[PDB]
Amino acid sequence: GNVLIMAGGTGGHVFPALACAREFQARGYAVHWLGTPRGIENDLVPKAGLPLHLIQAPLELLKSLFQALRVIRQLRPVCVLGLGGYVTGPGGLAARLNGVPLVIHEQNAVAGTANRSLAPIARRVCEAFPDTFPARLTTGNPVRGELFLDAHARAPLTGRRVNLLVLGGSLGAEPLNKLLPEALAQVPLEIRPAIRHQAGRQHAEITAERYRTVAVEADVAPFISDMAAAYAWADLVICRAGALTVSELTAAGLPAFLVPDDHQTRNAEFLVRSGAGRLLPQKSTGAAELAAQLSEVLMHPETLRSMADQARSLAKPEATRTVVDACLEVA
Ligand SMILES: CC(=O)N[C@H]1[C@@H](OP(=O)(O)OP(=O)(O)OC[C@H]2O[C@@H](n3ccc(=O)[nH]c3=O)[C@H](O)[C@@H]2O)O[C@H](CO)[C@@H](O)[C@@H]1O
C-alpha cells in the first residue's frame, strides 16, 4: 500500500528521508511526502518524482493538525515515518489519532523536542547515535548508496596536492566562509591544498571575493548536488557538525576538521572519540590556528590515511534497510 514520510527544513532531515523513500519504492510501496512551505523539500521532493502534501499561539498548532489529519485520512497509509522539522510534531500526532502505526528517527546525538514528545506514541524509535534515547533501535543515519566509497576511491596522497572540501552545510554557514580564505592565505603555497568551498545560497558570490582578495584560489559554489563526486575528489573536509555531514563522512570514509542543546558538538564527538575527526571550536580557533592545524596534516599526509581508515569503520551501510524494515514490520 501507501507510505507517508514526514520531513522538512534542511538537508539533514530531507536527505535521510529521500533514501528511505527509494527503499520503500523498491519493495513495492507508494511513497507520499509530508512537508511545509518555504523549506528545502519544495526544491528536492518534486525533483525525486514524489507527491508533496504541504501543511502550514496554540490555534496555529491545531490548524497544522487538521491538515495532517486530512492528509492521513485521504492516503490511509500502512505506516507513517517521521524524520524531522516542524512537520513531524503535528504529523506524528495525526498518525496516532487515526490509529495508523508511527515510527520516528533521530539524526542527531541529542534527541529533538518533537522526537521527545513523539517517542511515547511511536511503535519504533530509530536512533542514529547511541545513548540518544534512554531505553528503541540503533539503525544509524540513512545515507545515499552513492556516498559509500572504499579505500580505492581515491589516488595515493604521496607526491600529490591534497584536495580540500569546505562544507556549509545545507544553508551554507557564514563563519566558515570568513575563516577559510584568511586561514588558507597563511598556509605556504608549496603545501596549500586545492579548494572547493560550499558556501551559502546567499554567500557564494561574497566567499569568492574573500578568496580573491587574499590571493588564494578556490571553486566556490552555493550548493553541490553532485555530492558523491564532491566526496570522491576530497582528501580532507573542514565542515559544520550537522548530523548528516557527520554520517556521510563515514560512508565516504573521509577525514574531517569539525567546527560545530549543543547538538552539533556532540555529533562531532562520535568522530573525535575514535580519532576519525578533529574538534575545532568556533569561539576559539582563529585564522592563524586553523592554518597551523592544516599545515601539520599537509606536511604529514599519512595522518589523513589513519583518520580515513577509522572513519570508514564508523559507517553503517544497513541504516536505510533497517529503518524501512522497522516501518514495514509494524505496518
Ligand atoms: C545551521 C543548522 O540549523 N543546522 C542544522 C541542520 O543541518 P543541515 O541539515 O544543514 O546539515 P546536515 O549535516 O544535518 O545535513 C546535510 C545534508 O545536506 C546535504 N548537502 C548539503 C550541501 C550540498 O551542497 N548538498 C547536499 O546534498 C548533505 O550531503 C547532507 O545530506 O539540520 C540538522 C537537524 O537535524 C542539524 O544537525 C544542524 O545543526
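For ligands, and for the atoms within them, numbers begin at 1 and follow the listed sequence. Along the sequence shown, residues carry numbers from 1. We use all heavy atoms of the structure for the numbers below, so side chains are in, but hydrogens, waters and symmetry mates are not.
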Going by distance only, is there an N or O of [X] that falls short of 3.5 Å from an N or O of ligand 1?
X	answer
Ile224	yes
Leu171	no
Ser225	no
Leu244	yes
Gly12	yes
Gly242	yes

Report yes or no: do [X] and [Y] form a side-chain donor-acceptor pair below 3.5 Å?
X	Y	result
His32	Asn2	yes
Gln186	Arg192	no
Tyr231	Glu248	yes
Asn267	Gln264	no
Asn115	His105	no

Identify, by atom number and element, the atoms of ligand 1 in contact range of [X], meaning under 4.0 Å from any of its heavy atoms.
X	result
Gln264	4 (N), 38 (C), 39 (O)
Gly11	9 (O), 15 (O), 17 (C), 18 (O)
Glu248	28 (C), 29 (O), 30 (C), 31 (O)
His13	34 (C), 35 (O)

Spatial distance of atom CG (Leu290) from atom OG (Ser284) [nearest 0.5 Å]: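 Here the rounded value is 13.0 Å.
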
Any idea which protein heavy atom is nearest [atom], and the distance to it?
atom	result
atom 6 (C) of ligand 1	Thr10 OG1, 3.5 Å
atom 10 (O) of ligand 1	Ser170 CB, 3.0 Å
atom 36 (C) of ligand 1	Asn108 ND2, 3.5 Å

Judged on heavy-atom distance to atom 13 (O) of ligand 1, which of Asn141, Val110, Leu147, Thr245 sits nearest?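 Among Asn141, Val110, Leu147, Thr245, the closest heavy atom to atom 13 (O) of ligand 1 comes from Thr245.
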
Is the side chain of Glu127 donor-acceptor paired with the backbone N or O of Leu137 at a distance under 3.5 Å, no angle test?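 No, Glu127 side chain to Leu137 backbone: no donor-acceptor pair under 3.5 Å.
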
Checking the side chain of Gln107 only, and the main-chain atoms of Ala128 only, is there a donor and an acceptor separated by less than 3.5 Å?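 No, because the side chain of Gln107 does not come within donor-acceptor range (under 3.5 Å) of the backbone of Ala128.
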
If we count only non-hydrogen protein atoms and require a distance under 4.0 Å, does atom 30 (C) of ligand 1 qualify as touching the protein?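 Protein heavy atom within 4.0 Å of atom 30 (C) of ligand 1: present.
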
Does the protein put any heavy atom within less than 4.0 Å of atom 3 (O) of ligand 1?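 For atom 3 (O) of ligand 1 the answer is no, since every protein heavy atom stays at 4.0 Å or beyond.
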
Could you point out which residue of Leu328, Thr320, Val323 forms a side-chain contact (heavy atoms from CB on, under 4.5 Å) with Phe24?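 Answer after filtering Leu328, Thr320, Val323: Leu328.
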
Taking 4.0 Å as the limit for heavy-atom contacts, which would you say applies to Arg144 with ligand 1: side chain only, backbone only, both, or neither?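 The answer is the side chain of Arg144.
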
Side chain, backbone, both or neither: the part of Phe15 lying under 4.0 Å from ligand 1 by heavy atom: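 For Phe15, only side-chain atoms sit under 4.0 Å from ligand 1.
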
In terms of side-chain geometry, is the basic nitrogen of [X] or [Y] positioned less than 4.0 Å from the acidic oxygen of its partner?
X	Y	value
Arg27	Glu23	yes
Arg123	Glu329	no
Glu174	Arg201	no

Quick one: does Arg240 get within less than 4.0 Å of ligand 1, heavy atoms only?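 No, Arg240 has no heavy atom closer than 4.0 Å to ligand 1.
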
So for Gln198, does at least one of its heavy atoms come nearer than 4.0 angstrom to any atom of ligand 1?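 In this structure, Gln198 qualifies as a contact of ligand 1 - some heavy atom is under 4.0 Å.
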
